[PDB]
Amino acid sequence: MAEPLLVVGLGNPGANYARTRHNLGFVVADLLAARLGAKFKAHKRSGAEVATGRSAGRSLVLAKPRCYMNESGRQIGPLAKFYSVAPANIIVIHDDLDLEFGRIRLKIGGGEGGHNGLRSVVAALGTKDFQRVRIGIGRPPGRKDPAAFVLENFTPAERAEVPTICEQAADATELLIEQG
């Protein structure tokens, strides 16, 4: 209601990572910004980039860290203070190794499922009770290190669905903001 909402898409900066599994949060955040017609801009008191808007009548703050994945929470924490958002009202979109490719789920709390980016947020907010919009990417093949897997692009067949999957994730976030 009155309380602001901080929606954070996780990912790594740089063009080499723009289309990697570990960056779905960035993509989904970009669909959301476009859908609202809001543009991102530097936030110096945090180091991340922000875009503002409305959804379900709710005041919205969309963001993407400008640091690398592991230092992610380091920018989100002070971004929440600047806009005075409670952790519970923080929604973070991320790729999830524990969900099958394209399977989208919602949850406030729980583990990080090996996602290093989620671990820095928890580490930063001092709690795991912030909202998450999980986007399944499936598990890594045995021929590939989990950390390497998330930093590689999607397979040819997966790449074809990624767009529709992110649209569904953006929709999931909007409904989540609507009454989650």
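One-based numbering along the sequence shown. The term rigid core refers to the maximal set of C-alpha atoms that superpose within 1.5 Å between the two forms.
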With the rigid core held as the alignment frame, decide whether 34 to 42 or 139 to 147 lies farther from the shown form in 6 other deposited structures of this protein, in terms of RMS C-alpha distance. 139 to 147
Which of these two stretches, 49 to 57 or 65 to 73, has the larger RMS Cα offset in 6 other deposited structures of this protein when the rigid core is kept aligned? 49 to 57
The stretch whose C-alpha atoms carry the larger average B-factor in the entry, 29 to 37 or 51 to 59, is 51 to 59
Of the two stretches 150 to 158 and 39 to 47, which shows the higher Cα B-factor on average in the entry? 39 to 47
Within this chain's modelled residues, let me know which third the CA B factor of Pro140 belongs to: lowest, middle or highest. middle
Sort the modelled residues of this chain by their C-alpha B factor and say whether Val7 lands in the lowest, middle or highest third. lowest
Looking at the entry's B-factor column for C-alpha atoms only, identify whether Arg134 ranks in the lowest, middle or highest third of its chain. lowest
Splitting the chain's C-alpha B-factors into thirds, which one does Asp95 fall into? lowest
Of the three thirds of its chain by CA temperature factor, lowest, middle or highest, which one includes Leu176? middle
